[PDB]
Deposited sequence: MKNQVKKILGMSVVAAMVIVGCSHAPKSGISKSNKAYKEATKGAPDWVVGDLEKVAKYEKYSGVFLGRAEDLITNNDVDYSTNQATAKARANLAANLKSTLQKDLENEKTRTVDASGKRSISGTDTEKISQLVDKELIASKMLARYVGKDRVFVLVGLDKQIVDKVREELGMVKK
């Protein structure tokens, strides 16, 4: 059946050895016009938007050590580097998993003073 990442708790799946080097994001897109390619591209873009959103909130939480709108801009600048990791096609929708190297995330915290 479907891989663990499609329906699983992403905070738990991120602990797998396979994903130890990446920050994850996931999204789905309903197939219309029988075009799986279109929903694959849409789900990939939404998967990157999901990765960016969860990375921002994680970096805000880390600020328990102006801030808000400036992690927002520094993660959005790095999002170009994220990779498609996997695709799973369900009954009527496409799921996509993307990842961003943690070293790239390590660099972003330094710009913040972490």
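Taken in order along the deposited sequence, the stretches absent from the coordinates are 1-42, 108-123, 173-175.
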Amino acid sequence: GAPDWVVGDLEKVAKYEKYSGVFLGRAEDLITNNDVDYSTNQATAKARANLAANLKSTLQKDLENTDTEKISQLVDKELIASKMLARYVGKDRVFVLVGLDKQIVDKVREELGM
From here on, numbers count along this sequence of modelled residues.
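Taking only CA atoms, the mean B-factor in the PDB entry is higher for 51-59 than for the other of 51-59 and 26-34.
In this entry, the higher average B-factor at the C-alpha atoms falls on 14-22, of the pair 14-22 and 87-95. Among the modelled residues of its chain, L74 has a C-alpha B-factor that falls in the highest third, as given in the PDB entry. Annotation for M114: C-alpha temperature factor in the highest third relative to the rest of the modelled chain, per the entry. Residue-level temperature factors show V6 in the lowest third of its chain, judged at the C-alpha atom.
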